[PDB]
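A lone chain, given as structure tokens: the form deposited without 5-ethyl-1,3,4-thiadiazol-2-amine.
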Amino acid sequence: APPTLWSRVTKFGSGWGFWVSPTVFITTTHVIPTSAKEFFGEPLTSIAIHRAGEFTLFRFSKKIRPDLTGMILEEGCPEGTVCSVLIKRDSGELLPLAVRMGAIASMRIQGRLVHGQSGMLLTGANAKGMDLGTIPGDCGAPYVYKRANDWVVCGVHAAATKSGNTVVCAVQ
């Protein structure tokens, strides 16, 4: 995946978030530190927060990442789209996991209720474990795909089944 998409993937709370633009940062609601009152040197009172279930968007009143171009964020993607989930792992290792995207879904995963766009990993027979599949610390990683001219981000990693291929992308 292009270096300019990896540069946007930022370690955050118990997981990750993603810079859509110099002023817009997206993440999974449950990775946000619940005590936090300051983000990137800005107080809460200078930030517009848009929350839909497991999807959170932060809009800043100054350019926090002026090195970046604004890119397209969409509310999920068409059924059958193949996306990459841009996962960073132990020691500048980059893991762009291939996922075939499905229907909007509500599920119960490890007792928790989760809603977003479902998908199936295309990495192996079963993706149990960290070599072929996701771990809890991957939450907030972006789902991206190429419209063979440009790249689109269509949501953030919310949950995965224990012993399975199924993942959920939280969407705007």
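Here, rigid core means the biggest group of C-alpha atoms that superpose within 1.5 Å across both forms. So that there is no doubt, residue numbering starts at 1 and follows the sequence shown.
We do not show the form solved in complex with 5-ethyl-1,3,4-thiadiazol-2-amine, though everything after this point is about it.
Asker: Could you list which residues of 80-104 come within 4.5 Å of 5-ethyl-1,3,4-thiadiazol-2-amine in the deposited complex, counting heavy atoms only?
Answerer: Heavy-atom contacts to 5-ethyl-1,3,4-thiadiazol-2-amine in the deposited complex: 88, 89, 90, 92, 93, 94.
Asker: After superposing on the rigid core, which residue out of 137, 129, 70, 53 has its C-alpha displaced by 2 Å or more between this form and the one not shown?
Answerer: The one that moves 2 Å or more is 129.
Asker: Could you check, with the core superposed, whether the Cα atom of residue 80 shifts 2 Å or more between this form and the one not shown?
Answerer: Residue 80 C-alpha, core-superposed: shift of less than 2 Å.
Asker: Between residue 91 and residue 136, does the Cα distance in the deposited complex come out closer or farther than in this form, changing by 3 Å or more?
Answerer: It is closer: in the deposited complex, the C-alpha atoms of residue 91 and residue 136 lie at least 3 Å nearer than they do here.
Asker: Do the C-alpha atoms of residue 11 and residue 90 sit closer or farther apart in the deposited complex than they do here, given a shift of 3 Å or more?
Answerer: Relative to the displayed form, residue 11 and residue 90 draw closer in the deposited complex - a change of at least 3 Å between their C-alphas.
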